[PDB]
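One structure below.
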Amino acid sequence: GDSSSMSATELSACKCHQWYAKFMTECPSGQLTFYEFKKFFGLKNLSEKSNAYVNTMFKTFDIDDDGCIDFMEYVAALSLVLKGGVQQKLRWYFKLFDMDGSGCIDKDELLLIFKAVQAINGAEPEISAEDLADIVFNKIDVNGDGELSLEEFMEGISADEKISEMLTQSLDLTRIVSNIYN
């Protein structure tokens, strides 16, 4: 990020997969703090979205725990866009959107979570996932359960496909980095 060497987008154009290896390979690897993370990623804040792009990005990657970033799935994240990786973006989809470490969907709780993910856009998104999730979410809960298990979320992810692809596009590389933090 920042700095005065080459461009972040330039690296994105190449993108192979081992890039993250360079990350852990370079610098004092062993857990990344918010300050160290923020440098590794760019972003343009202003107000509320400020705490939403940090909390939303850190909250999704907080994987159960929080207060720091534990490098582990970072490679998987790269595989998220690299070589398509449809199945890989599938797992992330569910992983990112649900409660901290609770895969169970309470409808109301997920909704808010999806808002953070859709809140990852400082500018007004062409189509927020919030409305998408609502339409898809409502259809999923045919029995009016009010809650959806991991399996239901997976069906919703596969269903429509087109929307899911849009979410996939949101889960880009340069955009994701910018979303992470300045």
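The numbering of the sequence shown is my numbering, which starts it at 1332 and goes up by one. We treat Cβ as the ideally placed atom computed from N, Cα and C, and that holds for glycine.
| Check | Outcome |
| --- | --- |
| Same chain, Cβ closer than 6 Å to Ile1511, five either side skipped, listed in chain order | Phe1372 and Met1388 |
| Strand pairing of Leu1479, partner residues [DSSP] | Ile1436 |
| The region 1454-1465 in contact with the region 1489-1501 per 3-pair CB rule at 8 Å | yes |
| Residue burial classification, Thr1391 (beta-carbon count within 10 angstroms, cutoff 16) | buried |
| From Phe1368, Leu1413 and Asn1386, residue whose alpha carbon lies closest to that of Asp1401 | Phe1368 |
| Alpha helix (DSSP H) segment containing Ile1511, residue limits | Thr1505 to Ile1511 |
| Secondary structure of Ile1466, DSSP reduced to three states | helix |
| Distance, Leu1409 Cα to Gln1419 Cα | 10 Å |
| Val1448 and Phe1428 closer than 8 Å at C-beta | yes |
| Inter-residue CB distance, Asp1437 and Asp1393 (contact presumed, cutoff 8 Å) | Wrong, their Cβ atoms sit about 18 Å apart, outside the cutoff. |
| 8 Å Cβ shell around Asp1395 - same chain, five flanking residues per side excluded | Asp1431 and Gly1432 |
| Top-ranked residue by Cα proximity to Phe1365, from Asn1382, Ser1378 and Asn1452 | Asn1382 |
| Close beta carbons around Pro1456, own chain, < 7 Å, minus the five adjacent residues each side | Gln1449 |
| Strand pairing of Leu1363, partner residues [DSSP] | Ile1400 |
| C-beta contact flag for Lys1370 and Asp1397 at 8 Å | no |
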